[PDB]
Structures are given as C-alpha cells and as structure tokens.
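Just one chain follows, in the form solved without the DNA, and it is written as structure tokens.
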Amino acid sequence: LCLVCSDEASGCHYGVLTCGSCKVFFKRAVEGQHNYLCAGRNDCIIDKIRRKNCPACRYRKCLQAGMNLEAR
C-alpha cells in the first residue's frame, strides 16, 4: 500500500512504498515545482478519497514518509 495517499501501491520508488501516481506526482512536483499549498490551512487528511481534494498535503506527506527523488 501507498504510504502517502493510503491506496493500493504499485512498487516503491524514491525510497518509499507509494502508489503509481505518487511516483509521477512527486517526480514532476519536485523537479518542476507545481503549485498546491496547504500551509495556510493544513487541515485535510490525504488518503484514497481525499487525494483529489488537495495535492499539497500528499506532497508534504510523502516527504514525511522518507521520499527523496535522489534516494537509494
């Protein structure tokens, strides 16, 4: 299982067990820089439903997990 948006995972990448989407999400979101932001709220839980409610929490969540797009 995805350890970010707590869904069915499709392999670990960037050092942590994540889904198929969290890989692509993070890899564009880091080495591209996307605007989400939930630093002014920081309310919502990110899971299998609430992932589509906020793509800010899931960015901070994955990093909390131990993600790094220069991981080993």
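Start at 1 and count along the sequence shown; that's the residue number.
The same protein also has a form solved in complex with the DNA, omitted here; what follows describes it.
Colleague: Using a 4.5 angstroms cut-off on non-hydrogen atoms, would residue 12 count as touching the DNA in the bound PDB entry?
Modeller: Within the cut-off, so yes.
Colleague: Any of the heavy atoms of residue 61 lying within 4.5 Å of the DNA in the bound PDB entry?
Modeller: Contact check for residue 61: no, nothing within 4.5 Å of the DNA in the bound PDB entry.
Colleague: Which residues in 19-47 have a heavy atom within 4.5 Å of the DNA in the bound PDB entry?
Modeller: Residues within 4.5 Å: 20, 21, 23, 24, 27, 28, 36.
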